[PDB]
Amino acid sequence: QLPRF
Amino acid sequence: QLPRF
Amino acid sequence: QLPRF
Amino acid sequence: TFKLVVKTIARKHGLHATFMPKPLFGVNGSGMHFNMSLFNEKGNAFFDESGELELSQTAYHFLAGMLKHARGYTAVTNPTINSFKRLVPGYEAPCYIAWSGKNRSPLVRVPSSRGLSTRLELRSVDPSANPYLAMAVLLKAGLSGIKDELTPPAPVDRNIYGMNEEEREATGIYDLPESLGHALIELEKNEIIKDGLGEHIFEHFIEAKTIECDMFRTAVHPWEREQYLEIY
Amino acid sequence: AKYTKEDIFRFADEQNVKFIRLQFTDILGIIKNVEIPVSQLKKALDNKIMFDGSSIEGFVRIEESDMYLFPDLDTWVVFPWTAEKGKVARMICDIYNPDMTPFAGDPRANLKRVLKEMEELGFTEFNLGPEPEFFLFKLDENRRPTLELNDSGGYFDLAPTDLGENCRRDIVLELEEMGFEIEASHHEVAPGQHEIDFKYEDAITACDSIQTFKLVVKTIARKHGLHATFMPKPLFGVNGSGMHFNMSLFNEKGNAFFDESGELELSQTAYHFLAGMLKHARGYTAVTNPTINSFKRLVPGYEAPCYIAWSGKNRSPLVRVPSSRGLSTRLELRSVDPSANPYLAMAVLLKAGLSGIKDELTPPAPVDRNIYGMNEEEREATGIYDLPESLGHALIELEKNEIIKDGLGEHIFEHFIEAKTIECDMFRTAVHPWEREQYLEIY
Amino acid sequence: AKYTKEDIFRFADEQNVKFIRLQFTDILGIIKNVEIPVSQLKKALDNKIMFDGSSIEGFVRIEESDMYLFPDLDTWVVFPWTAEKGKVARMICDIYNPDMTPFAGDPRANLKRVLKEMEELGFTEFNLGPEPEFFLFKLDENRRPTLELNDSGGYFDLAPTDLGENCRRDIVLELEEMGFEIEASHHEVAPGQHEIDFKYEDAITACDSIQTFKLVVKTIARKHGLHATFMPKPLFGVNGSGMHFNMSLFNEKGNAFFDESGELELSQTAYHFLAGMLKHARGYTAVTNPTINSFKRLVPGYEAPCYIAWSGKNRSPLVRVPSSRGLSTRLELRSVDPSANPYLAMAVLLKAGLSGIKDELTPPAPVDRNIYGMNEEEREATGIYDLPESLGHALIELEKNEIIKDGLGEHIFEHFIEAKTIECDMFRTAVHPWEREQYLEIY
Ligand SMILES: NC(=O)CC[C@H](N)C(=O)O
Ligand SMILES: NC(=O)CC[C@H](N)C(=O)O
Ligand SMILES: NC(=O)CC[C@H](N)C(=O)O
Ligand SMILES: [Mg+2]
Ligand SMILES: [Mg+2]
Ligand SMILES: [Mg+2]
Ligand SMILES: [Mg+2]
Ligand SMILES: [Mg+2]
């Protein structure tokens with residue numbers, strides 16, 4: 001869901 | 001127009 | 001007279 | 001395939017090939033101008049020897065559709081934060097919603113070639129965009145313009161950059177979104193672009209781009225330190 | 001017609017070329033080109049290639065304009081330094097409007113128009129022989145040019161000698177191999193300065209040969225770890241680089257400048273051409289010397305011209321008449337430098353000479369008394385006048401003269417004036433290390 | 001009369017001075033001096049010291065000429081940085097011919113002559129307040145100036161702060177100790193640029209204070225490992241250094257520029273002075289800006305004047321009228337730079353104002369519409385004209401104007417033109433690294 005963050 | 005400047 | 005040049 | 005091959009070959013010769021819209025400040029950006037033409041059974045649908053500018057009514061409807069929803073699909077055609085750094089005046093990148101045959105950085109340009117080579121050029125697209133999504137949204141906008149038979153605005157050739165924002169907002173000239181967040185808002189407002197993208201793609205694209213915008217907004221850049229660490 | 005389409009296709013097939021550089025020259029004189037694979041060659045020969053014509057305007061371009069790329073078949077040249085992964089060939093191309101009309105802003109098209117006017121007046125051809133001079137500098141570790149010359153030679157000296165090096169010999173050998181008509185080659189007055197002379201061809205062919213010569217010389221010098229520069233005055237206190245033009249006008253009978261029964265064995269046409277060239281010299285000085293560095297060369301004591309006068313034998317005259325006669329009768333203009341655009345310079349010179357012929361002007365008497373002997377006031381009484389001392393004054397003289405404007409065309413004149421005024425403004429507001437060395441400590 | 005001979009002898013005895021620098025100013029503005037032991041002081045006070053007057057002519061001197069060295073008693077100043085092996089004192093001296101007549105080639109004598117003319121017309125004194133600006137650069141290991149500024153300050157900013165350094169504070173403290181009337185001191189727009197303001201004194205006293213201020217600032221900056229420069233434009237793209245002159249004319253009643261019943265509370269004398277100053281500005285621009293670098297400062301966008309106009313509140317006017325009135329009424333000329341000779345500039349400005357008063361010229365209407373908004377053509381229709389863009393044009397304007405020649409004197413005028421034409425030629429023929437970076441690989 002949020003690997004970037 | 002002005003890449004030099 | 002001209003030692004600058 | 002061209003992106004992949006160019007990157008591989010540049011890596012072969014000890015180089016890095018980048019398609020970032022604006023890798024450096026104060027220098028020209030990178031664009032991916034699209035020259036599109038629509039064909040039918042007879043031939044080119046944009047060509048008409050008896051029409052004004054040798055352009056068919058289909059071409060004018062396509063122009064009207066492309067210009068009407070440009071604020072809508074600007075997010076899809078420029079999906080990165082770095083993209084809107086390219087859309088600044090003075091570097092030949094488009095900044096206003098207008099079309100012309102010969103002007104300094106128009107949003108849509110009509111090349112002088114005619115016949116089977118008649119086409120419309122959109123200059124706001126950058127290499128970072130997804131080609132499939134950009135083509136889908138552009139085709140949807142043009143198709144909607146054709147179906148609604150919208151009349152395009154008169155072309156501008158008076159160097160719109162000459163006037164201020166207020167002096168040109170009186171006419172039909174409008175500004176493109178200045179940031180990815182505003183473009184995302186415009187996407188969330190427009191319905192035809194949503195129909196052209198599909199619910200699944202629209203939702204996932206919006207989620208990813210909102211995450212990207214939030215990540216960029218809360219970051220602290222060295223620009224801020226160079227401007228305020230010593231002053232304050 | 002030296003080559004046809006079938007000849008070009010046969011050459012491309014047999015020499016195994018995979019890249020073609022359709023090249024042209026902008027207003028500023030920079031060689032530009034569009035690169036196409038061999039598979040597009042047929043389309044290139046159909047005059048169907050589109051490109052951005054605004055690049056011809058240089059950096060002062062504003063709006064993108066589509067233009068055609070009519071190539072010239074006779075300019076087909078295959079480069080030798082292309083390895084084995086396909087060869088590279090070039091053809092100089094003409095620029096045409098989308099309405100099948102030659103572009104007025106193209107220097108080559110402007111030269112063709114001026115030549116058409118000359119043919120209308122009654123002449124056949126305008127033969128030109130240039131004498132370009134260039135400097136050779138040693139490269140640094142990072143392949144950057146330095147200020148060190150390759151040799152401390154002399155005028156006509158056997159300085160490079162045998163046993164390797166001798167970049168002039170390699171350059172002339174490869175030029176001969178590429179198909180260039182080289183008359184002679186020698187060392188110039190300045191150390192590291194070399195001159196190579198050409199054979200006399202037509203105006204357009206001579207200009208194309210000049211551009212190709214610059215490109216080839218730069219490439220070959222880079223091959224041997226050297227930098228070849230055509231800057232009019234790279235160094236202070238040393239002789240500059242010139243591109244003397246030996247021009248001759250021909251008609252159906254033969255050389256129009258030759259007359260066995262005339263004074264100095266010169267025809268009345270030659271005298272009218274001299275009068276026209278001298279009358280408007282102050283006008284086209286800007287075109288023939290388009291850079292700021294150019295007017296650093298036009299200083300007394302280095303054989304560069306400084307006064308508007310003509311002679312058969314004098315120390316640095318503006319126009320010189322070589323002693324050769326017959327079919328070799330010609331007039332030499334010495335104010336031109338290698339930095340100038342050959343097409344624009346030829347156009348303005350031809351316009352001035354044609355105007356002189358039409359008006360039948362009487363040239364002033366030649367001077368042979370060493371005009372440098374007197375002061376400016378003592379020679380201003382006679383017809384001797386000074387050339388412009390800076391690019392701004394030359395630009396003003398251009399803006400005043402009308403015949404040179406007609407010979408350049410409105411588009412080229414406006415864009416040239418804009419670019420040169422920007423260049424002058426950029427140079428004027430800069431702060432040079434000379435100023436710091438002269439005032440930082442004193443004041 | 002502030003001091004007498006006996007006072008000078010008493011000072012020399014009590015402060016234990018062993019060296020006296022009899023100093024003067026040449027045409028080019030360089031401070032020169034003859035050094036004598038204290039034992040010769042009596043002879044120095046007898047006006048019997050001989051020296052070579054040709055040094056006043058600068059580098060263009062030809063023949064040695066003997067001249068006297070009449071000192072000024074009121075200019076006695078003892079330097080503090082002299083250790084204990086005897087102190088050093090100076091007195092500004094007048095130059096006199098061997099026939100007991102003041103030398104016409106001395107700038108101070110010329111200023112005295114112009115002041116005598118002004119007193120003949122009816123006025124008493126010409127008060128002047130200068131606003132000199134200077135740059136501070138860091139020295140290298142070999143005690144050579146570099147291009148790095150001492151601080152990245154701002155306009156009126158508290159940039160140097162406390163806790164050491166603050167060279168401006170030390171400079172103003174030592175100037176106050178030496179006996180200087182300092183009004184204020186602040187940081188200028190450019191980083192590393194500082195301004196110190198003076199009190200309003202007589203013309204001669206103000207010029208002497210300017211010269212002493214330059215000397216003291218340079219010495220103190222060298223003490224703290226810094227280089228203080230008064231170059232008009234040491235760096236490109238940054239604000240230049242100016243020496244705005246606030247001048248006021250006095251009579252027996254009081255300030256001649258003040259009139260409560262006049263428009264803008266200005267007398268007719270002030271308007272005549274404005275008309276004279278504006279009419280001949282193109283004439284004395286050469287004298288007020290004598291270096292090549294000076295005209296690099298006179299460019300738009302850096303608050304330096306560029307057009308001949310006056311205003312009470314405008315972006316960079318040539319002449320500005322401060323809002324203060326009464327005895328503080330004055331006219332400010334902003335085209336002067338620190339490199340100018342104070343005596344020559346004051347002489348030419350006084351001559352222009354006096355001519356305007358005598359002719360009763362009507363000044364043009366003030367401009368407050370941001371003349372920078374229009375183009376050159378759109379403002380040339382009105383009375384707005386451009387200042388000379390180069391030293392050569394300014395020298396031509398000098399050679400045309402006659403009133404400025406009368407205010408300078410034949411000797412000073414001839415020697416100034418000679419020296420400055422050499423400077424122009426020296427700069428014109430030089431090859432700068434700008435050209436070797438714009439046309440090297442390009443051509
Ligand atoms: N010459 C051009 O039109 C280049 C356009 C520019 N590179 C862009 O990204 O839009
Ligand atoms: N010997 C010569 O004539 C050389 C002339 C000189 N090199 C020039 O540039 O004009
Ligand atoms: N703030 C100012 O007025 C500074 C003016 C500028 N330093 C000059 O030299 O003219
Ligand atoms: Mg395009
Ligand atoms: Mg030669
Ligand atoms: Mg020659
Ligand atoms: Mg100030
Ligand atoms: Mg001021």
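Whatever order the structure lists ligands and atoms in, that order sets their numbers, starting from 1. Lettering follows sequence order; numbering is per chain, from 1.
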Pairwise salt bridge (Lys or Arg N to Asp or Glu O under 4.0 Å) hits with a residue in residues 95-106 of chain D, at least two apart:
D:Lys102-E:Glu63
Has ligand 2 got any nitrogen or oxygen that is less than 3.5 angstrom from a nitrogen or oxygen of E:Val189?
no
Nearest non-hydrogen atom to atom 2 (C) of ligand 2 belongs to which of E:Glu303, E:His186, E:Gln193, E:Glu133?
E:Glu303
Taking the six-membered ring for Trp and the single ring otherwise, decide whether the centroids of E:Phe230 and F:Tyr443 are under 6.0 Å apart.
no
In ligand 2, which numbered atoms sit nearer than 4.0 Å to a non-hydrogen atom of E:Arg297?
8 (C), 9 (O), 10 (O)
Look at the side chain of E:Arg168 and the backbone N and O of E:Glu195, then say whether any donor-acceptor pair between them is shorter than 3.5 Å.
no
Check ligand 2 against E:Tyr155 and write out every atom of the ligand that is under 4.0 Å from a heavy-atom position of the residue.
1 (N)
Quick one: which ligand 2 atoms are inside 4.0 Å of a heavy atom on E:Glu188?
1 (N), 2 (C), 4 (C)
Could you confirm whether F:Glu195 has any N/O/S atom lying under 2.8 Å from the Mg ion (ligand 7)?
yes
With atoms numbered from 1 as shown, which atoms in ligand 2 lie under 4.0 angstrom from a non-hydrogen atom of E:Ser241?
9 (O)
For E:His244, the atoms of ligand 2 under 4.0 Å from one of its heavy atoms are 10 (O)
For E:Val299, check side-chain contact (heavy atoms from CB on, under 4.5 Å) against everything at least two apart and list the hits.
E:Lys233, E:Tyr302, F:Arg428, F:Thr429
Near-ring test D:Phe46/D:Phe62, centroid separation under 6.0 angstrom:
yes
Return the set of protein N, O or S atoms whose distance to the Mg ion (ligand 4) is under 2.8 Å, each given as residue and atom.
D:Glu121 OE2
Partners of F:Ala190 by side-chain contact (heavy atoms from CB on, under 4.5 Å), sequence neighbours excluded?
F:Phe135, F:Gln193, F:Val238, F:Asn239
